[PDB]
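Next come structure tokens for two forms of one protein chain, structure 1 first, structure 2 second.
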Structure 1
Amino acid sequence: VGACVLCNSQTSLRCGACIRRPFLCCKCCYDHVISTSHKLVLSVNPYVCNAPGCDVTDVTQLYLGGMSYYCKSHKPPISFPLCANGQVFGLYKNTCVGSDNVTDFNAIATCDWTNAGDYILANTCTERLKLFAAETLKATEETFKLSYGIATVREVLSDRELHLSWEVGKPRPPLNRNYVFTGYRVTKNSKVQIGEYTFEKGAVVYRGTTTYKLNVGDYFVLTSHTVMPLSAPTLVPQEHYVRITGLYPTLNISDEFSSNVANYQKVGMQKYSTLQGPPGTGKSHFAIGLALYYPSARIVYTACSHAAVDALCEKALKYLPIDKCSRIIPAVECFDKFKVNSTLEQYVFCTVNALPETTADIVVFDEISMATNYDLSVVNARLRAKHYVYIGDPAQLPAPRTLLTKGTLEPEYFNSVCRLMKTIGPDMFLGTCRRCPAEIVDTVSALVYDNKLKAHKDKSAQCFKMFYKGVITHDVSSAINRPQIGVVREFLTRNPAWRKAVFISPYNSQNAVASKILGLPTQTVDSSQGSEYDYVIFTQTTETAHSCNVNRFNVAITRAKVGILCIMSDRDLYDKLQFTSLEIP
């Protein structure tokens, strides 16, 4: 028994064909089963023919005779159908409303989540459907990883490199940091974990979360966890205030955080606020300075990845009393300079999926473009706070949609918070970039920020761009452009100062080849987010939809502090690059 996902009308009915099995009142349970392929219906018992040897599960072909359900061939003389009069039989038949259109709820439950339009509807629908779509999408993603085969150690060629044997019949998952395997050893009766691993083409290379003398017979599987149901909404009801509520500003603040005093008060005059922070604008500076401005405020700093949650710890280590902090870790290594697992410690730093159930004066959700509507609902479910601050940049990169292949996901569809920022604008906007040269800022400002991003540094005069298509070769699940890597090599022979540069590309296979031919550190654009390097050498590799993505190309050129070389394939972003042009040797 539970609340309907369409009309809230109390129900004792659940759809058996939906992987989340939402409670559906007789009206909505009916309009769903007759308009889709979903026919299995669950209540206290399953609506299935209780006759020996019968396989009828469709509720339209089932009748309730006595207290057991049968079909047309197995029903008693005294029976009435379970599915008629626009209602499926179940408790609370008098309390049943119905919706003007269930069509939105149907496409959510039937879609394979491989199209961009599936994620659009999952973000525009009613709030209760945003929660249901988040579970359905995430439970689908946790199940698709079971479709991938098992990799087994056929040979241990050396350290750091392996020879893998893959399962038959099932496909193989791509080998990049977006897929994180988990190993096992063949014990007596069952198996035991031996850390998490990531792989890449060589035989394959690996990188282990822990070090081991792993041997033949060990196997790796993408660990899929549970998808618990969502109760709280993605966003609490917004409440604007006339005074600062529940918070108390300081009389003495330092000149380091003085330019934020207006926004720190803005945080106290809203139930929740949004802060867009382009690269180099000082987002973690903002989040920690907010603590000094409201000194006695219990603040919970949170994000999805431990890396983002640890970057806040580094700044809290630089400004806040250490005995007032705590790092929450569930029983991969992370920041271990605060007392671990102390929920009653003023400043709490934790990931979303590990969040305890507690209250706080302020909550700081960092790097919000990575979040999903599932994460947003968990934060509101575990954390009941007075003010919610959402820090991020919807012009940066979103969470990887491992099923999405057709179409492109726009920033307003990343999550509910990014929808507000890209439509009604963000409550706050850090508009000065103190990291990149002027040519980079003057490029991403017009590209994704409506010319509202101001450069603090001057022109570095060391930003260059070349238009070289070259030769594109493909492999299993990545692309490789060696003539672009070769152009970089010929550039490096005439610019040996650019050998302290980081090589960045949209494809990790391009990084692997570039690591062998150039010897520069490698980062995919998605792995480079949140990090700054002096020099960056970027090869777009292709002009597919993946490499031309403006939120990716924004991150691709903003990691530079001094200079950058961009070997471009797409003419569009090549002309949008305000860089000194170079010719092809």
Structure 2
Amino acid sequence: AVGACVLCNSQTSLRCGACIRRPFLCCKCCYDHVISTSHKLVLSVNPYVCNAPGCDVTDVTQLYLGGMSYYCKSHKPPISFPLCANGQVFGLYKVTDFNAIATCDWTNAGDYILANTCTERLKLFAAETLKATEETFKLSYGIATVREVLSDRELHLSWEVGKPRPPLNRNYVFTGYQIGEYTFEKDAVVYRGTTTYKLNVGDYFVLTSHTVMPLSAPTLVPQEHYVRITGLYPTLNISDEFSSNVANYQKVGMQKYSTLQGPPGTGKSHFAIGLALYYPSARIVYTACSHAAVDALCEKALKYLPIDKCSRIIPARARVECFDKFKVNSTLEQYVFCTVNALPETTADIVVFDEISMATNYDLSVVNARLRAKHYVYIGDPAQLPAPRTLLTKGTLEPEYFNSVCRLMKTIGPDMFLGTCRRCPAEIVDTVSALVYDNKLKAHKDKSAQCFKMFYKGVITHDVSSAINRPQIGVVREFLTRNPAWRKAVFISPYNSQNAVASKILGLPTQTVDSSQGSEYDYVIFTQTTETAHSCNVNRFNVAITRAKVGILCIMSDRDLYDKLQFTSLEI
């Protein structure tokens, strides 16, 4: 019961019993919280509650210190001091923002704005509170029981009455019953277990709610600038391949942390792996939120770094298949590749945290808590997609509010910027450069003359809330007959149900905009599907069209983004 105030660090015995996490609040801060919010339960060794038998007064504003015990107005002795008076709550060792974080429901974008504009201490209070709120919300959903098993990838489910049914996408990972994690995709539905199992009727699925651990480290350590490269030893013999990044590699060694904004195909993996070749004796931990982001760093490392000094850290509670070429779970190898949630407690000369738009402040803090490093490098792009905020339903979350790193990149600018896109045909580069890069992204490739746009609203149908546009798929089908080279295209849309329909009608491999991030394909066929805030999001639009190396066909619903596409328009 003795700790430090979450706002001003002043030692105290008081914790807010009404807050979901129970933060310690000093006398002068606890008061300003109880007096401005519905939160009135104050806890010390024992709660501030009326000691009189059978009395239910818990509100600290209605309580007094009667000698050594606590009583309300109705039970206090003659000589009794109010627990609440003179700007303080009585405690040992004798905030408008803390109040909003403590009481919000995390459904508004303004909640996330505050969680990123508040003091560092409140960014951790905000991140822990949010995550606990998200986990308790999983309990709201109804249990899914197997009614019948059709095939090895198809079943029919029975849902709990009186409780809502969770969305059926890859975002929502169930737990079978303890037959391993399972996912669903759309009366026939597609089942997919992280463990292969002969689906038994009666077996049920629940979204696994995980215990939210406390946060201790800041999202960003305090910045330090150095006059020389510190604790790192550069090479003179540096491969011409990486010569373009030498000045930025030196910048990395002359600051405690650095931010790198890398638009699509500008050389983020190449930069990250080249940092290892520039400081050859440095121990580097390569981290990211997703297994796909960590695997892409492994792939680039396989090509340039000694395979014997690499290790892929895999949590024994294996969910999806990941990179199999390095020695597994060797925490002490010079190069360690690991997701944030699986990071061991270790030190490093450099920590490289990739795909930073996908990180939350909870992730930023966990990295600073598990890894003690001489230098930290944050790689990503605030113009790409952030992590899904399952509770957020009102308002759009801007890039400067994704996390502390993205906030810094959008306000003071990134420390380093990769300005040349080597992946995309110039039509795509020119469009996204104007759309989200303030005209600073330059094209390496020429215009491919294989980038097309078609304005076709079609017809929007819905599978629950996930959207389908069958006429936009029909327009694609007609295009494919006339453009057989496009047979090899990856179909992309902002909706899984649209992708399910295009998979059966077109036979192309399918990908949501969100799951395509980090990947590249020679040809992309994109159907916007709808003109909603989701399908019109500039970050999602940016990711969707920058997946293409050679050609792209965009069937658009929104006149605005259609007009912005610097593509050859098609007719039908």
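Numbering runs along the sequence of structure 1, starting at 1. Basically, rigid core = biggest C-alpha set you can superpose within 1.5 Å across the two forms.
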One rigid part holds both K465 and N353 between the two structures: yes
Rigid-body rotation of the smaller part against the larger between the two structures, in degrees? 12
Quote the shift of the Cα of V56 between the two structures to one decimal place in Å, the two forms being superposed on the rigid core. 4.3
When only the core is superposed, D575 shows a C-alpha shift between the two structures in angstrom of 0.9
Hey, core superposed, how many Å does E490 shift at the CA between the two structures? 1.5
